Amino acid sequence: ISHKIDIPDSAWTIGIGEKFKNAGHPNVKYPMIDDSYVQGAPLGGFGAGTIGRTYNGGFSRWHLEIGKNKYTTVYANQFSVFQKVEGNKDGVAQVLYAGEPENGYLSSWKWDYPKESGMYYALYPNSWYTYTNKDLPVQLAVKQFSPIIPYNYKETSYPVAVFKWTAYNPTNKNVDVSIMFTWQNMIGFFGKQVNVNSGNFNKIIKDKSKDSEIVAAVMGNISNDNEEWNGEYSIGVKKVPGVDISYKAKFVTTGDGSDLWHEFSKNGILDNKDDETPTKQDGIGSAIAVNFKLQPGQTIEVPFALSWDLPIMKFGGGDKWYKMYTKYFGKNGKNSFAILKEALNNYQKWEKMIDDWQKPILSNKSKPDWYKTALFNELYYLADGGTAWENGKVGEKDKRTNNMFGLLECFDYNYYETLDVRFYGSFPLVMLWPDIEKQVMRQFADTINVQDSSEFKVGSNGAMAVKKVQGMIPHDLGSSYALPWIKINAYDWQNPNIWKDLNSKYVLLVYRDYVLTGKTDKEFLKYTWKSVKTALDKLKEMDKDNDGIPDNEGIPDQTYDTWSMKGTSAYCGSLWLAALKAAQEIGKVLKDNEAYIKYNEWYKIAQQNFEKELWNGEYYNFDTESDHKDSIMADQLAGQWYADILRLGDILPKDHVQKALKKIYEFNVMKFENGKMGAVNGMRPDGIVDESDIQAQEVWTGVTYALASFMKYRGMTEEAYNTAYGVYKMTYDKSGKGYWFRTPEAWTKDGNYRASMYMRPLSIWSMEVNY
C-alpha cells in the first residue's frame, strides 16, 4: 500500500499498537503532566484548538479548551473498516484502534486492532496510517493533515483536518470495502457547567453541486448561547467515482453502540436515518461511511474531513475572545459545514502547498533524515502549545487592527510568551510566520512602561514584590487560568522585575526580527525603539560594581530560575554585550546619534571587563563570585550566538569562542553519557557534572539545539550535528525515552524529564538560519 502512497523517508515511524519499553517519567516531586508515550501529530490550525490523534488511532489529546491539556480517548471517535471477499457468506468489520474502552460503552464494536498489522508515520503537519492485516485482503492507508502553511495566516488558522484514504486490492478476488468515520457530538465536553449533553442534536447535510457531492453530519446544540462551550462539530466525505455514501445521524455513545454497529458489520452500509431529536442525558454521535467494490489490482482514493466551529475561547479570569478563524468563517458558531466543505473541495491544493514548503529541506541530500524528522516534527508545538490568536473580545465595540497572539511556555507552567524562553523558541515564527512574530514583539514593546504596584508573594522565598516595574520587560503575557494579554507577569516563582536577562533578550529579539526579515522593516524598529532604549537604560542601573555590566545578585535572577549567579556572568554578560551592539546598530539605522554614542561607550567598557573577568584560557567562567564559578556552562556564549545570527560580528575574540565551544563539546556533551543525550547545563572542569543545583545537572533541549546551531555557524559541523543528535535520539528513537510530540524542557542523565510539551526546543529552527 505504501507503493500507492508517498511517505517521506524522514517520517517518524512506529507500529500501530507497539508497546514502548523505555519510557521516561517526571523527575520532580510535585505533580506534573505525564500523558504517556501514546501520542501523535496534532490536527488543527493556530488558535483553533488542536486534537491529538495517537499512533494507536485514538483521538486522545484534547487542546480544544485553549490553554488546557486534557488526555482522554473519546472512544466513539474512530475510523472503522468492513471487508467482504466475493464468494464468502460473511464479511469482517474492525475499528482501526489498537485498544478498547475501559468499562462500559460501545461493547458491540470490534475493538483491539491487532499488533504487527500496520504503521504510523509523521512528518508534521502530515501524518499517515497504513493497515496491512492478514484478515483484511484490501490494504488501506490514510494521509491526515491540517493546512499549516508558512507565510499563510488564513488556512493556517482553520479548525479542520482532512483524512485522505487510499485503498488497494492486491488479491485476485473482488472485495467489497467500507470505511466509516464516527464522531461523538462533543458539545459540552468542556465549558458547560451543568446538563452536559442536554440539547445536543445532529443533522445531515447533503450538498449536491456537480462534480461535488458532499455528505456531512453537523453535531451542535439547540441553544444559541454565545459561550465557550457552544458551536458545532462536523464530519463528512466527498463522493468520488465508484463509491457510494451512507450515513447515520444519531447513535447513542452512552450505550453499547449496536444501533450503529449491527448495520455496518452486516454489509458495510448504514441506514441513512436522519433524526434531529435533541438528547437530554445520553451522549450521541454521527457516522459517515463509504462503500465500494475493488477489482483485483484496483486503487481508490476518497477524502473525509473533520471541522470544529467553537468560536469563543474563555480564560479563567473571565475574558472571552473570538478565535482567529472567525475572521474567515464568522462568529456565530454555526459554520462547521462551511469549514468542512472548504477542506473537502481544496485539500489537494493544500497538500501541494505543504509539499512546496517542505521540499527545500527534504530535497537537500546533504542533511541527514533524522535532522529532518526533528525539524518538521518539533513544529507540532506551534499549533499544540495552547495557542491563542484573537479576533476580538466578545462584546467589543471599537474595531481593531491587530490580532493578538500567544504560545504557552508549556502546560505545567501555564504562561503565555515567556520572553526568556521565546528567545530560543520563537525561531520558527520569525522564519515562517513573521507577521505573528512582529505582533508578539509589539505586545512586549507595549508593556515596557506598564507599572502595577500591587504585590505578590514570591514562591522561592515567601517575600512580597511589585507585580510590574516601569522599564522592566515582563516575564510573560499572562496565564490561560487568568487574563492573557491583559494581566502580564503571571509567573510568581521568582520576581522577574529584577532579572538580568529579560531586558537584553528583548532587545536582541527586536533586532533579530529586523535582520531575519530582510533588514527592511524600519517601521518595526521605530515602533520598538523607545522600549529598547528604556530596557537597556534600566538594566545599566543594575551595574552595582561599576564594571559596565549588570550584576547578578547571588540569586536565580534569570531564566535558570533555581541556579544562582553572582557578579558578572558569562550568560547575562554576553547577552548584555550583544544587546548593546544591536542597539548601536538600530541607533545607526534610525539616525539616533546620542544612543549610538552612548551604547558604543557602554559596549567598549563592558567588553573589556567581560574578557578580563571571565576568560580563563580555555572557556569563559560561569561567573565571577559564585562557589561554582569555574563551571563550564553550555549557554555561556548565548550573546555571541545571537550576534552571529544578527550579523553583529565578534563581540568576543574568534579564537576564544572556538576554544569555548570545543570545551563545551568535549565536556558538557561528550562526557555526559558519551554525547548521546545533549549538552548538560553545567560541568566542573574535572569532567564531573556540576551538582550545585538541579538545573546544572539537566540537559535543556532548547539550549542544546541552540548550541548546535552556534557550533554550525562557527564551522564545527560534526560537533553541531552530534550535539543535536542526542536530543533527537532521546525524543524520537527506539533507544530514547518516548517524548515524541511532547518534547520536554529538560532531562537528567537517567533520561527522566521535566515539563513535557515545551516551547524551548523549537530552537532547532535556528539550525536553518541561512548565511
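We call the rigid core the largest set of C-alpha positions that still match within 1.5 Å between the two forms. Note that residue numbering begins at 1 and tracks the sequence as displayed.
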To spell it out: superpose each other structure in 7 other deposited structures of this protein onto this one by the rigid core, compute Cα RMS over structures and residues for 659-667 and for 104-112. Which is larger? 104-112
Other entries omitting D398, at least a third: yes
Where do the C-alpha atoms have the higher mean temperature factor in this entry, in 478-486 or in 582-590? 582-590
Taking the recorded C-alpha temperature factors, which stretch has the higher mean, 256-264 or 169-177? 169-177
Name the one of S504, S157, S692, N202 with the greatest CA B-factor according to the PDB entry. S692
Report the option among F444, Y120, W563, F304 whose CA atom has the maximum B-factor in the deposited record. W563
Third of the chain, ranked by Cα B-factor, where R714 sits: highest
Lowest, middle or highest third: where is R647 by C-alpha B factor in its chain? highest
Could you look up the Cα B-factor of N22 in the entry and say which third of the chain it sits in: lowest, middle or highest? highest
When the deposited Cα B-factors of this chain's modelled residues are ordered and cut into thirds, is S735 in the lowest, the middle or the highest one? highest
For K29, return the chain-relative third of its C-alpha B-factor as stated in the PDB record: lowest, middle or highest. highest
